[PDB]
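[1] these chains are from a complex, not moved at all, and more is on the way:
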Amino acid sequence: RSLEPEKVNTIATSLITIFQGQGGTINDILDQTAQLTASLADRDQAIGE
Amino acid sequence: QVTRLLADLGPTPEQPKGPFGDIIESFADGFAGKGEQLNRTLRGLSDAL
């Protein structure tokens, strides 16, 4: 019942349209957010105060 | 239909493990040792949000 053709085809085409060549973009997002959140978390005591 | 799906989604000379073998290998190696970290990140994000 979960192997219905319409849902599988729509999911597959959408995943293709979304992740086509976006490895570099996602790597950049991960690195930038890692650096920003580490910088913000180094001020845990400051934010608490 | 069985023959068609086994031929199209099966191993090929260019892709020795096939699409499913490649995706499970990439997910097993790309997420090795990140179970606890992902759990903690998801819990913290859920709490904050």
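    Yep, that arrived. Numbering: from 1, shown residues only, chains lettered A, B, ... in the order given.
[2] So which residues of chain B form helices?
    Using DSSP state H, the helices of chain B run over B:2-8, B:18-30, B:35-48.
[3] Most tightly packed of those?
    Counting by mean count of other C-beta atoms under 10 Å in any protein chain shown, helix B:18-30 has the highest mean neighbour count of those, with a mean of 11. The way it works is simple: take the backbone N, C-alpha and C, and place the C-beta from them, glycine included.
[4] Show me how far that one is from its chain's centre.
    Here the centre of helix B:18-30 is set off from its chain's centre by 5 Å, with C-alpha atoms, centre = their mean, to the nearest Å.
[5] Name the surrounding residues that touch it.
    B:9-12, B:15, B:17 (C-beta atoms under 8 Å, 6 or more residues apart in numbering or on different chains).
[6] how about these in CSV, adding distance to residue B:23 and neighbour count?
    Formatted as CSV, the contacts of helix B:18-30 follow (distance: C-beta to C-beta, whole Å; neighbours: other C-beta atoms under 10 Å in any protein chain shown):
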residue, distance to residue B:23, neighbour count
B:9, 11, 11
B:10, 14, 13
B:11, 13, 14
B:12, 15, 12
B:15, 11, 11
B:17, 9, 13
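[7] could you also fit chain C onto it:
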Amino acid sequence: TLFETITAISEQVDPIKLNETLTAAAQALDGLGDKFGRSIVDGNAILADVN
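    So that you can see how it sits with the rest, here is chain C on the chains above:
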């Protein structure tokens, strides 16, 4: 040989862990899948106005 291969595959699934993983994933979006997509579109508009 086919039965031996299927058995070798099936001995690795360990249905307890698969069951809890699938239950968590299903509860994650049990009734909000159109809401999340509308959220992504809304965030797209937000970033298009903020950047």
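[8] which element is the spatially most central residue of chain C on?
    Nearest to the mean C-alpha position of chain C, counting by C-alpha atoms, centre = their mean, stands residue C:25 at 5.0 Å. Using DSSP states H and E, residue C:25 sits within helix C:15-28.
[9] what angle do that helix and helix B:35-48 make?
    Angle between the axes of helix C:15-28 and helix B:35-48 is 30 degrees (criterion: axes from the mean of the first three to the mean of the last three C-alpha atoms, to 10 degrees).
[10] For residue B:35, see how far away residue C:22 is.
    Residue C:22 sits 16 Å away from residue B:35, taking C-beta to C-beta, to the nearest Å as the criterion.
[11] Residue C:27 too?
    Using C-beta to C-beta, we find residue C:27 at a distance of 18 Å from residue B:35.
[12] Over to residue B:27?
    Counting by C-beta to C-beta, the gap from residue B:27 to residue B:35 is 12 Å.
[13] then add chain D to what we have above:
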Amino acid sequence: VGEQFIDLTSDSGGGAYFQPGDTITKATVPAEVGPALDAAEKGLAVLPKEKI
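    Putting chain D together with the chains above:
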């Protein structure tokens, strides 16, 4: 279990009709069981079970 036969399929279902002694050139044959079993075994044996 068996009981082969031959089916004459015409999507149009009309038009010119075959004459006695003629020959039908377009034909098809089902996928054999041996190739399907081989394909299944190959496609299952390549999956890395330890990675699963």
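[14] In light of the added chain D, please revisit the contacts of helix B:18-30.
    B:9-12, B:15, B:17, D:43, D:46-48, D:51-52.
[15] Quick one: these as JSON lines, columns for distance to chain C too.
    Below are the contacts of helix B:18-30 laid out as JSON lines (distance: C-beta to the nearest C-beta, whole Å):
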{"residue": "B:9", "distance to chain C": "15"}
{"residue": "B:10", "distance to chain C": "13"}
{"residue": "B:11", "distance to chain C": "13"}
{"residue": "B:12", "distance to chain C": "19"}
{"residue": "B:15", "distance to chain C": "19"}
{"residue": "B:17", "distance to chain C": "13"}
{"residue": "D:43", "distance to chain C": "10"}
{"residue": "D:46", "distance to chain C": "10"}
{"residue": "D:47", "distance to chain C": "6"}
{"residue": "D:48", "distance to chain C": "9"}
{"residue": "D:51", "distance to chain C": "9"}
{"residue": "D:52", "distance to chain C": "5"}
